[PDB]
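Chemist: as a preliminary step, the opening chains of the complex are given here in situ:
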Amino acid sequence: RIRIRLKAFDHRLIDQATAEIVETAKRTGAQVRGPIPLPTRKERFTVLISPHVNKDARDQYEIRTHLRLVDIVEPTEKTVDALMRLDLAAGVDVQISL
Amino acid sequence: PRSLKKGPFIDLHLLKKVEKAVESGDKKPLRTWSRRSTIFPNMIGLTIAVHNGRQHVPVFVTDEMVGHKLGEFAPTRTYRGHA
Amino acid sequence: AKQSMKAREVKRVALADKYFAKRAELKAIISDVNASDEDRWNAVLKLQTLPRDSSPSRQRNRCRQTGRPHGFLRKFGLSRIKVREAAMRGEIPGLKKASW
Amino acid sequence: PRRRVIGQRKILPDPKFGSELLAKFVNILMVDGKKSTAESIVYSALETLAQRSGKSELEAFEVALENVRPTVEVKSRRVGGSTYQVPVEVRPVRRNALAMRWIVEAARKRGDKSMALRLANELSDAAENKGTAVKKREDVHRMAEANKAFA
Amino acid sequence: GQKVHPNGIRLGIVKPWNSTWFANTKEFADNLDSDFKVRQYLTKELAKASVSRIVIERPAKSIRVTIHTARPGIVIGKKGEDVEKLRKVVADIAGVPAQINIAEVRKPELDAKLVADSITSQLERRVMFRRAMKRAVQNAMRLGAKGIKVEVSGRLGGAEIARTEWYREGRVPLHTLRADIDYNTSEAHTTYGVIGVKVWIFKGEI
Amino acid sequence: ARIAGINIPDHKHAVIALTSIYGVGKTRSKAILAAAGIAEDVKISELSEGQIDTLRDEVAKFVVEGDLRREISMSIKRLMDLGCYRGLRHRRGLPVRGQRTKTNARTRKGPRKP
Amino acid sequence: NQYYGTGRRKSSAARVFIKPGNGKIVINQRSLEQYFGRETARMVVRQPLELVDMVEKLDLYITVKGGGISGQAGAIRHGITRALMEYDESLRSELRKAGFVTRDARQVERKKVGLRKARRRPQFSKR
């Protein structure tokens, strides 16, 4: 079995990537589970904005990390070289795991 | 308090100074800047000039001083009184 | 913020890796449970006589641009000032302004 | 406030026997959002009271409550800059809540072995008219009788 | 203290990021400050050569730097040579192998960084400040912008007391988050001190 | 109704009356009653003399009232004539464990006269 | 068959599966009397089943998750109303006059920067 686990910061960018891999999957022999929404990670930082005093003045930022799980089952060698083939984008972390 | 499976603490230079002052037989006050070292039973009777950041105060080792550390007999803050 | 301080931090890192590799296998002989008396009393001092920095507890984690010691964030390696400026300029990817 | 006249909150009734009055009483008597402790005190004060009186629980609480009942209040207003206290006819919904507030203020004093035992002393002491909450009611009535020159 | 950074809040709503790569926590500070070194090094060499924004991709453990510049012919150099220079050094100053691509700017007086470059260079070469600000305003409005505001602050004549001046033309709605607002600040270090320029250009709504 | 130095109260429970001794707190009395075998929720009015003399030897197991005040007083005395840091803080009348001397420590330096 | 209702209240979420049967109530593989003990959820889960007096006629298998016990009581009340509403729809017009179908969101406020617990200021002092 091969599972694809891919993370990003943009959900608009991570949607098209998992769409491309599910389409290049089910073109040839991969009855996939599809993109599966694992919960997103929110990293909330809260910095002071003044160079000096005024502790009460702060700005709160956050990173959101989106997760999609494609779990290709019934794998063929065409699935593994068509996963060897494509090089999706920057900002996308893909891990194929046997 | 240090953990018991570490052993007590003494500096290399202070311990070798203590041993050479015992082997040499001489008993003048010697100086250290190492207030963090534990006193030891071979160091009884001799004078240790312990640094308090400004000076080197002479400490006379007693029977009662053995397990303690060297900084407790050199107060680093001088206070007499406000009024 | 005192070029001396940046020089001192980059001084402590380079000694820290080398003597870290040494004192890691020299440190475990002190307090495993059960080695002996003699290697404990030798090993305290042969951990001691190495210079003070080259220990990782004398790092400071200054800002990687301005060298500011206070207000550090480990995720960005910056002080809060340069985090906020580089976030407003859009250089930290995925760092929106949080509003919940 | 300065503008609004908004609709009232609607609480859930008394569980042991369905009343809004006892739910207001357990809400007044409570502390730091501890509803269960307060209703335990209220129930162990009212079932232990109905055997002191002889009637059932609710209407014994009602004529322990209506003996402490402020007909009028005082207020402070301004006409000449003089700023005196003038009496006012109270609405009964705030009259009832001020009655419950005075009963709890009575029960927080007069200390003995419980809060519920203190309440079961207080409401009987009010229901035969010899309490300190009846002293608060007759002091309010006296301060309005002295100020009846303004109406 | 007023007026949150416009690129900052429209990063949430409208604008895209200057940097586009994913990293976990052990790679994050290293990638961040190596990209800071890359931007700082390209800053001089092409700040003689009219750049607006450089953006960093990192695909497949390799850095990709695409420059937006107003004069691409001075950026590429002759026969490509200059940018291969850039390529050859960026794979030194970022580790991972490097490729540099360049877009053309079709609006040389509508990007706030380039307008700020013009105003700060004219301010440091001792033009009057009012002529530079008014010419930037009339030029952007004549090329076609739905609004501009220029903000110049400092001593402004050689002065004992610093002054602040600004000039808007058109509409420039900052509280509207769907507004496409290019915004950049710059500084001109002059003999009397540092003078700040801020330029908001409003190009329309999405 | 009387152990090594003093009288213990009689209407109170065993562990609560046992804490009236200097040197015996809660865990000491728990161990004393566990070694004696008496269940702790009895009173000294309930309990006879054989249990309290088996209690007498079991509280003689511990350093208690008179020689414990002797031990604490002598330990402070040894620190005070030793002349160390904690002894000198015991001598001036200040905190010895590194408390803030700037504002607080009215327990140690006493009620606020001037 | 098997009628279903989802109630949600104050970060708790109750799933109600009701069927025509006896009057007994079951929550998370316990009965109602041994799951809850206090005066809430002995009134609160009863009031929808008492305004339309159906305490005898239907079995109720309930799973709940999240929140505390009063939030769980409000969530099972909101689930019981919707699951009862899947039977007949004159029921909702009669039960709405006392509430019970208003979801009552009322979340916890977020703690604000500079304040202490989302409304409390930290003690202004002039000097």
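Modeler: Received, thanks. Residues are numbered from 1 along each chain as shown, chains lettered A, B, ... in the order given.
Chemist: over to residue B:33: give its phi and psi.
Modeler: Residue B:33 has phi and psi values of phi -110, psi 10 when expressed as degrees, to the nearest 10.
Chemist: and it, what does it touch?
Modeler: Residue B:33 makes contact with residue B:51 under the criterion CB atoms under 8 Å, 6 or more residues apart in numbering or on different chains. To be clear about C-beta, it is placed using only N, CA and C from the backbone, and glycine gets the same treatment.
Chemist: and for residue D:147?
Modeler: Residues in contact with residue D:147 (CB under 8 Å, 6+ apart) are D:74, D:84, D:85, D:86, D:87.
Chemist: among the residues you listed, which lie within strands?
Modeler: D:74, D:85, D:86, D:87 (DSSP state E).
Chemist: quick check: the residue of chain D nearest chain F.
Modeler: Residue of chain D nearest chain F, by CB to the nearest CB: residue D:113 (17.8 Å).
Chemist: and chain G, by the same measure?
Modeler: Closest approach between chain G and chain F, counting by CB to the nearest CB: residue G:125, at 17.6 Å.
Chemist: tell me, how many residues neighbour that residue?
Modeler: In terms of burial, residue G:125 registers 5 neighbours under the definition other CB atoms under 10 Å in any protein chain shown.
Chemist: include this sequence as RNA strand H:
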RNA sequence: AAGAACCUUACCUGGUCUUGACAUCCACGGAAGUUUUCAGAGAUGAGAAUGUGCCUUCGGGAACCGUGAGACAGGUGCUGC
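Modeler: If we add RNA strand H to the chains shown above, we get the following:
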């Protein structure tokens, strides 16, 4: 200050260096490096072995080390009026 035991640290005592702890350029020499000893509170001072790597104008080239001369470096020093 989103965190002073040393560090941080800017402060004081005492010991030390002054083209420097951090930069670039010239000239001279040495792989870089590692291990190890003494005296020292340490910074530092003199050693003792081991090491000689890559292109090759191969008396050179990168990188590292010290030496001397400056240009200068360095300043959490003052004025936020």
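Chemist: any idea how far residue G:13 is from chain C?
Modeler: With the distance defined as CB to the nearest CB, to the nearest Å, residue G:13 ends up 20 Å from chain C.
Chemist: wait, that residue touches residue G:76, no?
Modeler: No. The pair residue G:13 and residue G:76 fails to qualify as a contact (CB atoms under 8 Å) at a distance of 9.9 Å.
Chemist: need the overlap of contacts for these two.
Modeler: Joint contacts of residue G:13 and residue G:76 (CB under 8 Å, 6+ apart) are G:7, G:64.
Chemist: who's more crowded, those two?
Modeler: In this view residue G:13 and residue G:76 are compared by other CB under 10 Å, and residue G:76 has more residues nearby, 31 against 20.
Chemist: pull the longest helix from the chain.
Modeler: Unless you meant another one, I'm taking chain A. Ranked by residue count, the top helix of chain A under DSSP state H comes out as helix A:11-26.
Chemist: please refer instead to chain F.
Modeler: In chain F, taking DSSP H as the definition, the longest helix is helix F:65-82.
Chemist: how far off centre is it?
Modeler: In terms of CA atoms, centre = their mean, to the nearest Å, the centre of helix F:65-82 is found 14 Å from the chain centre.
Chemist: could you also fit RNA strand I onto it:
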RNA sequence: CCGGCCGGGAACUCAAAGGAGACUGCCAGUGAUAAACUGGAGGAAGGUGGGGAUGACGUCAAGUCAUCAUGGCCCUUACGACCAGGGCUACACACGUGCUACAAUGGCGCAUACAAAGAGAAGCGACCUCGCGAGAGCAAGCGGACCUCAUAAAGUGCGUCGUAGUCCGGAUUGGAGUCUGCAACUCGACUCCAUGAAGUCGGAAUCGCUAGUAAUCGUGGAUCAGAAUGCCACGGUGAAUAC
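Modeler: Let me put RNA strand I in with the others:
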């Protein structure tokens, strides 16, 4: 082996993407054929639904030249640089902001129910063994909806305490420890045993809060080798009062 454990199932809670939905849209009345207001219906929600982000021209020649940058001065065997030790933690006192309390709506002992949000690889560190405990040994699992931190606490049930400075309070101090760290004396945190201070609801004065709010209870994170009663977040219970 009743633990969704397993065949399985895609209904449900849930996880995230995409839509819808709330507009004074409808109804009646008051209102200048108006804008609007009040009420009603339905509706999960009613009138900017709740909360946040969002801070106009300017003011205070406010703060910061010690984050940074920067003009002008000032220094260059020194106001620069390196080190060890000390100090920033002192204490006749005064003030601000908190935490713990003065108890019985409570204290202690036993059993027991229900969360959300996070952090984790020189890291988080199961299970078992060892110690009263802080902890150690052994050491699986995890770059994580998987494993770990991590038992939630108020609550509930049963007992005991009978209003005393007391089984309230838990400061102080003596002793014995554990862990991090080159090193715990100046000057860490914690654990145990002992001790058991003031305090019995607080003068003149003064502050916060309009609803899932105040009040109260616990949990988590950043900084961080170690070091929160602070700061930032998350939930549990949950009012009174608006003439």
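Chemist: can you pull up the residues of chain B that come close to RNA strand H?
Modeler: Along chain B, the residues adjacent to RNA strand H under the rule CB under 7 Å from any atom of the strand are B:12, B:13, B:16, B:17, B:31, B:32, B:33, B:34, B:53, B:54, B:55.
Chemist: ok, residue G:23 - contacts?
Modeler: Residues touching residue G:23, when contacts are defined by CB under 8 Å, 6+ apart, comprise G:55, G:56, G:57, G:58, G:59.
Chemist: count of neighbours near the third one?
Modeler: It stands for residue G:57. The burial count for residue G:57: 12, using other CB under 10 Å.
Chemist: may I have the phi/psi pair for the residue nearest to it when sequence neighbours are not counted?
Modeler: In space, and not counting its chain neighbours, residue G:57 is closest to residue G:20: 6.2 Å by CB to CB, 6 or more residues apart in numbering or on different chains. As for residue G:20, its main-chain torsions (degrees, to the nearest 10) stand at phi -70, psi 120.
Chemist: residue G:20: neighbour count?
Modeler: Counted with other CB under 10 Å, the burial measure for residue G:20 works out to 11 neighbours.
Chemist: report the separation between it and chain C.
Modeler: Noted for residue G:20: a distance of 44 Å to chain C, by CB to the nearest CB.
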